[PDB]
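What follows is a short report on a single structure.
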Amino acid sequence: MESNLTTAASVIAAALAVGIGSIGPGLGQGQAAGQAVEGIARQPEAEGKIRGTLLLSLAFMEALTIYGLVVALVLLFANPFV
Amino acid sequence: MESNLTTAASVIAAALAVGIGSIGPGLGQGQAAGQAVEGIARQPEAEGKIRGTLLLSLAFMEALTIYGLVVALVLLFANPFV
Amino acid sequence: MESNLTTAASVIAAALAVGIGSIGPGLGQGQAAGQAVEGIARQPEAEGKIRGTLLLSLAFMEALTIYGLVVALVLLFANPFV
Amino acid sequence: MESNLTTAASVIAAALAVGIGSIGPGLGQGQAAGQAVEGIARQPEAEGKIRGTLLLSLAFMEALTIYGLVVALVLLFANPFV
Amino acid sequence: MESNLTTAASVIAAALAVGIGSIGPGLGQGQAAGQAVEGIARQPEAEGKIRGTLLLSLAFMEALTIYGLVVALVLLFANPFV
Amino acid sequence: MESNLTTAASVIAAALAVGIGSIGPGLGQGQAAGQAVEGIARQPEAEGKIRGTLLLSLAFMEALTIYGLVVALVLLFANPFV
Amino acid sequence: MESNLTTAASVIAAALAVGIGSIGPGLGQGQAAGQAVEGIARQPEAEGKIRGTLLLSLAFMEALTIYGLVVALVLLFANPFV
Amino acid sequence: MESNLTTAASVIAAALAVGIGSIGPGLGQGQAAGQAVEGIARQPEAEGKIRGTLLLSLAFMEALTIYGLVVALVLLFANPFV
Amino acid sequence: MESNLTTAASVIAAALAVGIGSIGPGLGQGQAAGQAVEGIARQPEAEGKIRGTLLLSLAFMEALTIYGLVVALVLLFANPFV
Amino acid sequence: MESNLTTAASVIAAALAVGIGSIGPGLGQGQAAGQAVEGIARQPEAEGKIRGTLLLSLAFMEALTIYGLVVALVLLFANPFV
Amino acid sequence: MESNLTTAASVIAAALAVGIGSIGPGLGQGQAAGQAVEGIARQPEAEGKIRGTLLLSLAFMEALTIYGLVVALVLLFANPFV
Amino acid sequence: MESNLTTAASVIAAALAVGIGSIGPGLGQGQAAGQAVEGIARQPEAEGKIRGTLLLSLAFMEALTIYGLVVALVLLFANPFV
Amino acid sequence: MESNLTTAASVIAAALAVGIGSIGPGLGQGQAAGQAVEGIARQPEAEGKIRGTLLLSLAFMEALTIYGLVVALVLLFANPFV
Amino acid sequence: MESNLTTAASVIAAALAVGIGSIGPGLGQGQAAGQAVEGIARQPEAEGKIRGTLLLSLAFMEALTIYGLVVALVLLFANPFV
Amino acid sequence: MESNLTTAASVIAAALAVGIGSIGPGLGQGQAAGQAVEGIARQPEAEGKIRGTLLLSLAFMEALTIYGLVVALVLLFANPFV
Ligand SMILES: OC[C@H]1O[C@H](O[C@H]2[C@H](O)[C@@H](O)[C@H](OCCCCC3CCCCC3)O[C@@H]2CO)[C@H](O)[C@@H](O)[C@@H]1O
Ligand SMILES: OC[C@H]1O[C@H](O[C@H]2[C@H](O)[C@@H](O)[C@H](OCCCCC3CCCCC3)O[C@@H]2CO)[C@H](O)[C@@H](O)[C@@H]1O
Ligand SMILES: OC[C@H]1O[C@H](O[C@H]2[C@H](O)[C@@H](O)[C@H](OCCCCC3CCCCC3)O[C@@H]2CO)[C@H](O)[C@@H](O)[C@@H]1O
Ligand SMILES: OC[C@H]1O[C@H](O[C@H]2[C@H](O)[C@@H](O)[C@H](OCCCCC3CCCCC3)O[C@@H]2CO)[C@H](O)[C@@H](O)[C@@H]1O
Ligand SMILES: OC[C@H]1O[C@H](O[C@H]2[C@H](O)[C@@H](O)[C@H](OCCCCC3CCCCC3)O[C@@H]2CO)[C@H](O)[C@@H](O)[C@@H]1O
Ligand SMILES: OC[C@H]1O[C@H](O[C@H]2[C@H](O)[C@@H](O)[C@H](OCCCCC3CCCCC3)O[C@@H]2CO)[C@H](O)[C@@H](O)[C@@H]1O
Ligand SMILES: OC[C@H]1O[C@H](O[C@H]2[C@H](O)[C@@H](O)[C@H](OCCCCC3CCCCC3)O[C@@H]2CO)[C@H](O)[C@@H](O)[C@@H]1O
Ligand SMILES: OC[C@H]1O[C@H](O[C@H]2[C@H](O)[C@@H](O)[C@H](OCCCCC3CCCCC3)O[C@@H]2CO)[C@H](O)[C@@H](O)[C@@H]1O
Ligand SMILES: OC[C@H]1O[C@H](O[C@H]2[C@H](O)[C@@H](O)[C@H](OCCCCC3CCCCC3)O[C@@H]2CO)[C@H](O)[C@@H](O)[C@@H]1O
Ligand SMILES: OC[C@H]1O[C@H](O[C@H]2[C@H](O)[C@@H](O)[C@H](OCCCCC3CCCCC3)O[C@@H]2CO)[C@H](O)[C@@H](O)[C@@H]1O
Ligand SMILES: OC[C@H]1O[C@H](O[C@H]2[C@H](O)[C@@H](O)[C@H](OCCCCC3CCCCC3)O[C@@H]2CO)[C@H](O)[C@@H](O)[C@@H]1O
Ligand SMILES: OC[C@H]1O[C@H](O[C@H]2[C@H](O)[C@@H](O)[C@H](OCCCCC3CCCCC3)O[C@@H]2CO)[C@H](O)[C@@H](O)[C@@H]1O
Ligand SMILES: OC[C@H]1O[C@H](O[C@H]2[C@H](O)[C@@H](O)[C@H](OCCCCC3CCCCC3)O[C@@H]2CO)[C@H](O)[C@@H](O)[C@@H]1O
Ligand SMILES: OC[C@H]1O[C@H](O[C@H]2[C@H](O)[C@@H](O)[C@H](OCCCCC3CCCCC3)O[C@@H]2CO)[C@H](O)[C@@H](O)[C@@H]1O
Ligand SMILES: OC[C@H]1O[C@H](O[C@H]2[C@H](O)[C@@H](O)[C@H](OCCCCC3CCCCC3)O[C@@H]2CO)[C@H](O)[C@@H](O)[C@@H]1O
């Protein structure tokens, strides 16, 4: 067990990476998904096309927060300093 | 028992990870779900397709906050420093 | 019977987790629910399908805040440090 | 009568949990309720179905703030530290 | 009579609980009530139904702020610490 | 005459309770009242119904700020500590 | 003359009570008054009814800021501490 | 001929009362006035009724800022403390 | 030439009163004026009535900032303390 | 030549007065001017009337910021303290 | 070369005057200019009238930021204190 | 191992880079993707064209956050200072 | 070389002048340019007139940020103090 | 391995440049891309022209964040001070 | 080989200039570009005129951020002080 400025900064940093990192992607995924289901209601025959394009987009957005998760996990499990 | 800068930072970090981490996904899930039920009212025959696409979307958004939860749980139950 | 930096941080953390954690889900639940009842007025025959999809959505959003509650309850009743 | 950092933090925490915890749910309940009464005006025959879905939604949103209230009451009446 | 960190924090906390606690519910009640009166103008025969659903909703929202008031009153009249 | 941390905190708290406490209710009352007078212009024969429902709603919103006023008056005229 | 932490806090508190206390009611009165004059243009025969309902509404909103004024005047002319 | 904490606080307080106190009323007066002139263009025969209702509304809103002015003038010309 | 806490506070106060005091009224005047010129374009024959109501409104809003200017000039040219 | 708390505060205050003081009037002038040119396109025969009402309005708004400038210039060229 | 609190405050003040001072006018000019070019597209024969009124308005808005520039230049090239 | 001001700043910086860096791109991707799926519903024959343009756009936006990730990874795995 | 409070203030000031100074003009230029290209699509014969008016507008807005640039360059290359 | 105020400031600076630098461009790219795919759905034959203009615009916006990246890389790999 | 207040301020300043300086231009470029591609879909024959006007606009906006880049590069490569 060690406590210093950098261990303290590391745990806070981990939380900020994943917490702040979910704001834009969370909102964005809701916007895209909302238009997708509205589109399916409008044109059910296009569901396959809509679903595929939504899935691609959700993946691009999810990755943004995953970058934050990666930084958090490095800070907690592969910390370069402490 | 143990109290130091890093234990104090850890408990605050845990709260911020899940607290802030729910803001975007919470708003986004509401946006998507709202469009989904609006679409069902418009085209009830499309309910299956709509429900399926919404569920996928809700899972992508839920995962974002779960990343915050995971950081929180690591900080409380598998803390690397303290 | 105990006051230090980490006990003080823990109580504040518990409050921030549930307090901040209800903001996005609270707003999102209202958005989804509002569209659900608008949908029911528009197409009463679809009420069952709308209600089922809404309930699923409300559960996904409620869970987000419950993650904050879980962190808060760990901090108050199973605190790892103090 | 006792005063320390943790008792002071506890009273502030109790207020923040219930205060901040009412923001999203209060706004969301107004949004849902507003669409409900607009829906009843549009289709008075669907009032029973609208009211039932509204009530379910109001409960989900009210619960979010109740989590904040629970934290506040624990901090004030079952404080684990002070 | 008595002044220390905790009495000072208690009076601030009491004000924050009711002050912040009225923001969401205040805005939400206005939104729901505005839709209610618009609905009554649109369909006066639905006034009884609209009024009843509004009353229910106003009570759910009012309760959110009353949680803030309860905390404030505990802090002022049944303070566990000071 | 006495001046200490708690007398100072009490006067500030009193102002914050009543000041912040008027923000949501003030906005909400304007929203509801605006829709009420728009409704009366649309359907003058519904004025009695609209006025009654508006009055009920204005009372619910006014009470939210009154809770803030009560806390302020307790702090200034029935202060538990100073 | 008298200068201490509490006199300094009192003058600032007085300003915040009326200053912040006018924000919501000011915006809300404008919203309501705007809809009222719009309604009069639409249905001049409804002017009496509209004016009456607006006046009631303006009074409910004005009272909110008056509560802030009362706290301010107490702090300056009937201060309980200083 | 006099400088202390309370003289410094008083001058800042005077400025905050009138400065912050003009924000909501300024915006609300513009909203009401804008709808009034739009109403007059729409229905010039109703100009008298619109103007009378606007003037009443402008007075209610102006008063809100005047409360801030009154606090400021008390602080500068009838200061209870300094 | 004198410098103390109160002279420094006085100059800042003067700037805040006039600076902050122009925000709401500036926005509100633009809103009112914009609707006025749109109204004149719609109904050129109502220009006299529109201009008269606009001028009255502009005066009410200008006065709000003038209260801020009065406070600033008192602080600079008739300071009660320094 | 001379540097003390009050000279430092005076230069900051001067900048704040004109800087902040241009925010509302800048936005408001754009709003009014945009409606003016839209109105001229709609009804070119009303150009003279529109231009005159706009000029009057622009002057009311410009004056708001000029109050900020006047304070800044007093602080720089006729400073009562330093 | 001299460095003191007031030289430091002066350079910051200069930047704030011109930086903050461009926010409202920049936004406002874009709003006015956008409506002007939309108007020209709608009625090309009114271009001369539109351009003239836009130019007048752009000048009024540009002057607001120029006041900030003047304060900045006084602070840097005709500083009353340093 | 090593803790100093710069190791502490490095972990915070890494989190800020990826955290803040995902806000704009997250929101932007959702906006573009939502329009894409709406477009596919409108014109399913354009799906290939829409998908290709969306993919290109998603990549431009994803790269923005990847710049944040690159900085974070340099700070953690190739830190020039510590 | 030279380092003191004023050199440090100068470099920060320079950045704030151009950084903050681009916010309003950047947004405003986009608004104006967007309406311009929309107008060209609507009325291609008006392109010359539209382009000319836009160019004038862009120059007025660009100048606002250039004022910030000038302050920045003075602070770096013609600093009056340091 | 070196730590001082400037190395710490450098790492924070690198993160802020790329983090903050992605906000406007990320949002702007989403807006442009969204209109592009909506346009392709409207007029599939214009896809080539739309895609070309989009790509040009995306490059202009991407460059803005790349300036932030360049600053970050200089601070990390070609630091002029430390 | 050099750390002091001004080197630390310089690196932060460089980051703020380009970081903050991209916010408005980034958003404005997206707005203009979005309208351009919408315009092209609407009127493909006007693509050349639209593209030419857009490119001119994008250059004006890009320049605003380049001013921030110039300040940053002066601070890093031609620093007048350190
Ligand atoms: O008190 C003993 C410790 O002293 C140093 O850390 C000190 C540090 O100097 C001091 O500024 C610090 O107080 C500063 C509080 C800053 C809190 C920080 C803000 C954002 C990042 C997360 C939390 O306390 C540390 C306690 O660890 C060393 O880092 C460490 O080696 C040693 O264990
Ligand atoms: O980090 C290691 C050290 O940390 C504590 O020391 C100090 C620490 O230096 C000091 O900055 C700290 O006060 C710093 C204020 C706490 C602010 C911080 C902000 C982020 C969220 C958590 C709260 O108090 C500790 C108690 O005295 C422990 O008491 C000490 O035993 C331990 O060695
Ligand atoms: O173990 C904690 C110990 O911390 C104390 O040191 C410090 C310690 O930073 C803190 O209590 C106090 O500063 C605490 C200020 C920050 C409060 C914190 C902010 C966010 C998280 C919730 C509340 O000052 C003490 C000065 O003695 C003392 O060492 C001791 O009284 C106490 O037991
Ligand atoms: O750790 C508990 C200790 O806390 C008490 O107050 C200490 C405390 O450390 C310190 O932060 C306090 O200043 C606290 C300033 C911030 C208080 C606020 C409370 C809730 C919101 C977050 C932070 O003043 C005292 C310093 O002498 C006393 O030191 C003592 O009664 C007690 O042992
Ligand atoms: O916490 C209990 C202690 O209360 C006092 O602590 C002192 C403490 O040292 C000092 O930092 C504290 O000033 C700290 C200022 C923080 C005020 C706080 C901020 C947010 C919450 C509301 C107000 O004042 C206390 C009251 O005088 C006395 O020291 C003594 O009665 C007792 O030890
Ligand atoms: O200076 C004498 C007084 O000392 C204490 O109060 C001290 C206190 O410790 C100290 O932190 C305080 O300075 C702290 C300033 C905090 C201002 C506070 C912020 C939010 C709440 C309203 C205002 O000054 C007090 C002056 O009364 C005791 O509270 C009081 O018994 C005693 O009269
Ligand atoms: O509260 C009681 C005491 O208060 C004053 O003492 C101190 C006080 O302790 C100290 O914190 C205070 O500085 C505190 C900074 C003021 C901040 C405060 C924030 C809320 C709005 C009002 C301003 O200065 C006073 C002057 O020295 C009086 O000078 C003293 O005579 C009196 O006994
Ligand atoms: O009666 C006030 C007395 O206050 C002084 O103590 C303190 C006092 O807190 C204040 O002046 C100063 O700190 C003042 C900082 C807060 C300024 C305040 C903030 C909001 C309200 C407007 C301005 O430092 C002094 C240090 O001597 C000295 O005791 C004396 O010079 C003065 O007369
Ligand atoms: O109360 C007046 C006294 O104020 C002067 O400045 C004092 C003052 O107390 C203190 O707050 C000041 O720091 C003031 C920091 C905050 C100043 C700012 C001004 C307007 C906006 C709110 C607060 O520095 C000096 C400390 O030595 C000198 O102490 C003296 O010339 C004079 O007697
Ligand atoms: O107020 C007059 C006094 O001016 C000086 O006060 C000192 C004072 O002690 C110190 O706290 C102060 O630093 C306080 C930093 C606050 C700077 C202020 C913040 C907002 C308004 C613009 C800038 O600096 C003053 C200038 O050196 C000198 O002490 C002396 O010339 C005289 O007594
Ligand atoms: O250190 C020597 C200098 O001491 C004084 O200035 C001191 C001053 O008292 C002190 O509060 C100051 O530290 C206070 C830092 C406040 C920074 C300020 C915040 C907003 C306005 C721009 C920057 O450092 C100054 C250094 O010049 C005198 O102003 C000056 O005559 C003298 O050259
Ligand atoms: O900068 C290198 C220095 O690092 C340490 O500095 C100390 C320094 O004195 C102290 O003010 C510092 O506490 C300052 C608190 C600021 C924390 C910072 C805020 C934003 C960026 C992330 C975290 O802590 C350092 C670490 O203990 C040690 O003094 C020593 O290892 C070395 O001289
Ligand atoms: O202003 C004149 C003096 O300024 C410096 O002194 C001091 C100064 O007093 C002190 O407040 C300063 O620390 C103040 C903190 C810096 C904050 C400031 C905020 C605005 C943007 C720039 C950064 O550090 C300097 C270094 O010790 C120089 O080191 C000194 O040689 C020179 O005489
Ligand atoms: O000027 C470089 C010096 O800086 C180091 O850290 C010093 C430094 O002056 C001080 O501000 C530091 O606290 C720094 C607190 C704020 C740090 C943060 C960093 C980036 C974002 C802006 C500000 O702690 C140390 C105090 O002992 C050490 O003093 C020394 O290793 C080195 O010579
Ligand atoms: O020439 C700068 C000198 O400054 C130091 O004094 C001061 C100096 O204010 C600063 O480094 C440190 O405080 C720096 C705090 C502010 C950091 C600043 C904030 C915005 C701009 C970027 C970063 O503490 C030192 C205490 O020694 C020392 O005199 C010396 O270590 C250093 O060389």
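Letters for chains follow the order of the structure tokens (A, B, ...), residue numbers begin at 1 for each chain, and ligand numbers begin at 1 in the order shown.
Matched residue by residue and fitted by least squares, the Cα atoms of chain N sit at an RMSD of 0.1 Å from chain J.
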request  = Select the residues contacting ligand 5 at a distance of at most 7 Å, based on only C-alpha atoms and all ligand atoms, then format the selection as a PyMOL selection string.
outcome  = (chain D and resi 3-5) or (chain E and resi 3-6+8-9+12) or (chain F and resi 5+9)
Within 7 Å of stretch 13-22 of chain L, counting only C-alpha atoms, which residues show up once you throw out same-chain ones fewer than 4 positions away? Write them as a PDB file with N, CA, C and O atoms, in the first residue's frame, please.
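As a result, selection.pdb now contains:
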```
ATOM      1  N   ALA A  13      -8.011  10.640 -11.942  1.00  0.00           N
ATOM      2  CA  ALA A  13      -7.839  10.626 -13.394  1.00  0.00           C
ATOM      3  C   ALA A  13      -8.602   9.462 -14.027  1.00  0.00           C
ATOM      4  O   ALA A  13      -9.299   9.639 -15.031  1.00  0.00           O
ATOM      5  N   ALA A  14      -8.468   8.269 -13.446  1.00  0.00           N
ATOM      6  CA  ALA A  14      -9.192   7.110 -13.960  1.00  0.00           C
ATOM      7  C   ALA A  14     -10.695   7.398 -14.033  1.00  0.00           C
ATOM      8  O   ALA A  14     -11.330   7.133 -15.052  1.00  0.00           O
ATOM      9  N   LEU A  16     -12.233  10.354 -14.102  1.00  0.00           N
ATOM     10  CA  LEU A  16     -12.551  11.435 -15.033  1.00  0.00           C
ATOM     11  C   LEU A  16     -12.507  10.951 -16.481  1.00  0.00           C
ATOM     12  O   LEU A  16     -13.316  11.377 -17.310  1.00  0.00           O
ATOM     13  N   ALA A  17     -11.563  10.066 -16.784  1.00  0.00           N
ATOM     14  CA  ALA A  17     -11.424   9.535 -18.141  1.00  0.00           C
ATOM     15  C   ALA A  17     -12.717   8.843 -18.574  1.00  0.00           C
ATOM     16  O   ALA A  17     -13.248   9.091 -19.663  1.00  0.00           O
ATOM     17  N   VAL A  18     -13.220   7.971 -17.711  1.00  0.00           N
ATOM     18  CA  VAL A  18     -14.377   7.144 -18.057  1.00  0.00           C
ATOM     19  C   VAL A  18     -15.710   7.904 -17.862  1.00  0.00           C
ATOM     20  O   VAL A  18     -16.674   7.717 -18.629  1.00  0.00           O
ATOM     21  N   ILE A  20     -16.263  11.558 -17.797  1.00  0.00           N
ATOM     22  CA  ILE A  20     -16.419  12.607 -18.799  1.00  0.00           C
ATOM     23  C   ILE A  20     -16.504  11.973 -20.190  1.00  0.00           C
ATOM     24  O   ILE A  20     -17.246  12.442 -21.053  1.00  0.00           O
ATOM     25  N   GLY A  21     -15.754  10.890 -20.388  1.00  0.00           N
ATOM     26  CA  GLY A  21     -15.644  10.246 -21.687  1.00  0.00           C
ATOM     27  C   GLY A  21     -16.929   9.609 -22.195  1.00  0.00           C
ATOM     28  O   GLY A  21     -17.006   9.216 -23.358  1.00  0.00           O
ATOM     29  N   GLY A  24     -20.378  12.759 -24.393  1.00  0.00           N
ATOM     30  CA  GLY A  24     -20.688  12.966 -25.806  1.00  0.00           C
ATOM     31  C   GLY A  24     -21.191  11.694 -26.477  1.00  0.00           C
ATOM     32  O   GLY A  24     -22.214  11.704 -27.168  1.00  0.00           O
ATOM     33  N   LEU A  64     -15.015   5.726 -28.610  1.00  0.00           N
ATOM     34  CA  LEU A  64     -14.543   6.973 -28.006  1.00  0.00           C
ATOM     35  C   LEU A  64     -14.463   6.845 -26.485  1.00  0.00           C
ATOM     36  O   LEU A  64     -13.477   7.261 -25.871  1.00  0.00           O
ATOM     37  N   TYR A  67     -11.670   4.390 -25.298  1.00  0.00           N
ATOM     38  CA  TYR A  67     -10.354   5.028 -25.150  1.00  0.00           C
ATOM     39  C   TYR A  67     -10.171   5.555 -23.729  1.00  0.00           C
ATOM     40  O   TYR A  67      -9.087   5.453 -23.153  1.00  0.00           O
ATOM     41  N   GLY A  68     -11.229   6.145 -23.177  1.00  0.00           N
ATOM     42  CA  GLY A  68     -11.221   6.607 -21.799  1.00  0.00           C
ATOM     43  C   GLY A  68     -11.074   5.451 -20.830  1.00  0.00           C
ATOM     44  O   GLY A  68     -10.354   5.542 -19.829  1.00  0.00           O
ATOM     45  N   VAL A  71      -7.379   4.267 -20.836  1.00  0.00           N
ATOM     46  CA  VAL A  71      -6.541   5.123 -20.002  1.00  0.00           C
ATOM     47  C   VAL A  71      -6.763   4.827 -18.514  1.00  0.00           C
ATOM     48  O   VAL A  71      -5.808   4.703 -17.751  1.00  0.00           O
TER      49      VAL A  71
ATOM     50  N   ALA L   9       0.630  15.438 -12.598  1.00  0.00           N
ATOM     51  CA  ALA L   9       0.039  16.202 -13.700  1.00  0.00           C
ATOM     52  C   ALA L   9      -0.132  15.330 -14.946  1.00  0.00           C
ATOM     53  O   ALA L   9      -1.093  15.505 -15.704  1.00  0.00           O
ATOM     54  N   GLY L  26     -18.127  12.717 -30.086  1.00  0.00           N
ATOM     55  CA  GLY L  26     -19.239  11.861 -29.693  1.00  0.00           C
ATOM     56  C   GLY L  26     -20.577  12.450 -30.127  1.00  0.00           C
ATOM     57  O   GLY L  26     -21.425  11.764 -30.705  1.00  0.00           O
ATOM     58  N   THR L  65     -10.611  12.469 -31.547  1.00  0.00           N
ATOM     59  CA  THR L  65     -10.448  11.896 -30.214  1.00  0.00           C
ATOM     60  C   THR L  65      -9.184  11.052 -30.127  1.00  0.00           C
ATOM     61  O   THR L  65      -8.513  11.015 -29.083  1.00  0.00           O
ATOM     62  N   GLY L  68      -6.370  12.894 -28.909  1.00  0.00           N
ATOM     63  CA  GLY L  68      -6.372  12.895 -27.453  1.00  0.00           C
ATOM     64  C   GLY L  68      -5.761  11.624 -26.896  1.00  0.00           C
ATOM     65  O   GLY L  68      -4.947  11.662 -25.962  1.00  0.00           O
ATOM     66  N   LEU L  69      -6.151  10.487 -27.468  1.00  0.00           N
ATOM     67  CA  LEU L  69      -5.609   9.198 -27.044  1.00  0.00           C
ATOM     68  C   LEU L  69      -4.091   9.114 -27.246  1.00  0.00           C
ATOM     69  O   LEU L  69      -3.363   8.596 -26.388  1.00  0.00           O
ATOM     70  N   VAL L  71      -1.915  11.571 -27.259  1.00  0.00           N
ATOM     71  CA  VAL L  71      -1.276  12.367 -26.215  1.00  0.00           C
ATOM     72  C   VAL L  71      -1.286  11.619 -24.885  1.00  0.00           C
ATOM     73  O   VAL L  71      -0.265  11.552 -24.197  1.00  0.00           O
ATOM     74  N   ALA L  72      -2.438  11.058 -24.521  1.00  0.00           N
ATOM     75  CA  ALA L  72      -2.542  10.264 -23.294  1.00  0.00           C
ATOM     76  C   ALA L  72      -1.524   9.119 -23.262  1.00  0.00           C
ATOM     77  O   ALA L  72      -0.879   8.878 -22.240  1.00  0.00           O
ATOM     78  N   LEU L  75       2.013  10.338 -22.759  1.00  0.00           N
ATOM     79  CA  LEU L  75       2.156  10.733 -21.359  1.00  0.00           C
ATOM     80  C   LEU L  75       2.339   9.538 -20.435  1.00  0.00           C
ATOM     81  O   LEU L  75       3.000   9.634 -19.399  1.00  0.00           O
TER      82      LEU L  75
ATOM     83  N   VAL N  11       2.679  19.131 -19.648  1.00  0.00           N
ATOM     84  CA  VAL N  11       1.839  17.950 -19.866  1.00  0.00           C
ATOM     85  C   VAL N  11       0.358  18.311 -19.821  1.00  0.00           C
ATOM     86  O   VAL N  11      -0.440  17.835 -20.647  1.00  0.00           O
ATOM     87  N   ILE N  12      -0.012  19.178 -18.884  1.00  0.00           N
ATOM     88  CA  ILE N  12      -1.388  19.662 -18.820  1.00  0.00           C
ATOM     89  C   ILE N  12      -1.752  20.439 -20.093  1.00  0.00           C
ATOM     90  O   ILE N  12      -2.821  20.234 -20.689  1.00  0.00           O
ATOM     91  N   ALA N  15      -2.485  18.221 -23.123  1.00  0.00           N
ATOM     92  CA  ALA N  15      -3.823  17.640 -23.027  1.00  0.00           C
ATOM     93  C   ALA N  15      -4.930  18.653 -23.313  1.00  0.00           C
ATOM     94  O   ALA N  15      -5.917  18.334 -23.981  1.00  0.00           O
ATOM     95  N   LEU N  16      -4.785  19.868 -22.800  1.00  0.00           N
ATOM     96  CA  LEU N  16      -5.809  20.883 -23.036  1.00  0.00           C
ATOM     97  C   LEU N  16      -5.887  21.268 -24.505  1.00  0.00           C
ATOM     98  O   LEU N  16      -6.973  21.454 -25.032  1.00  0.00           O
ATOM     99  N   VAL N  18      -5.277  19.498 -27.256  1.00  0.00           N
ATOM    100  CA  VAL N  18      -5.928  18.478 -28.072  1.00  0.00           C
ATOM    101  C   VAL N  18      -7.353  18.182 -27.573  1.00  0.00           C
ATOM    102  O   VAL N  18      -8.261  17.918 -28.369  1.00  0.00           O
ATOM    103  N   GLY N  19      -7.541  18.243 -26.263  1.00  0.00           N
ATOM    104  CA  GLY N  19      -8.848  17.991 -25.676  1.00  0.00           C
ATOM    105  C   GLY N  19      -9.861  19.070 -26.012  1.00  0.00           C
ATOM    106  O   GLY N  19     -10.932  18.793 -26.573  1.00  0.00           O
ATOM    107  N   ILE N  20      -9.536  20.311 -25.670  1.00  0.00           N
ATOM    108  CA  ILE N  20     -10.453  21.420 -25.927  1.00  0.00           C
ATOM    109  C   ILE N  20     -10.552  21.663 -27.428  1.00  0.00           C
ATOM    110  O   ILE N  20     -11.599  22.071 -27.938  1.00  0.00           O
ATOM    111  N   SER N  22     -10.762  19.752 -29.861  1.00  0.00           N
ATOM    112  CA  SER N  22     -11.631  18.850 -30.621  1.00  0.00           C
ATOM    113  C   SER N  22     -13.122  19.162 -30.457  1.00  0.00           C
ATOM    114  O   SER N  22     -13.959  18.579 -31.144  1.00  0.00           O
ATOM    115  N   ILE N  23     -13.466  20.047 -29.527  1.00  0.00           N
ATOM    116  CA  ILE N  23     -14.881  20.297 -29.230  1.00  0.00           C
ATOM    117  C   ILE N  23     -15.647  20.927 -30.402  1.00  0.00           C
ATOM    118  O   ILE N  23     -16.634  20.361 -30.887  1.00  0.00           O
TER     119      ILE N  23
END
```
request  = Go through B:60, B:66, B:81, B:43 one by one, measure the shortest atom-to-atom distance of each to ligand 1 using only C-alpha atoms and all ligand atoms, and give the residue with the smallest value.
outcome  = B:81
key: Those in chain H with alpha helix (DSSP H) from DSSP, as a ChimeraX atom specification   = /H:5-20,23-42,47-77
Residues within 10 Å of residue D:77, only C-alpha atoms, excluding chain neighbours under 2 positions, as a ChimeraX atom specification = /D:72-75,79-80 /E:74,78-80
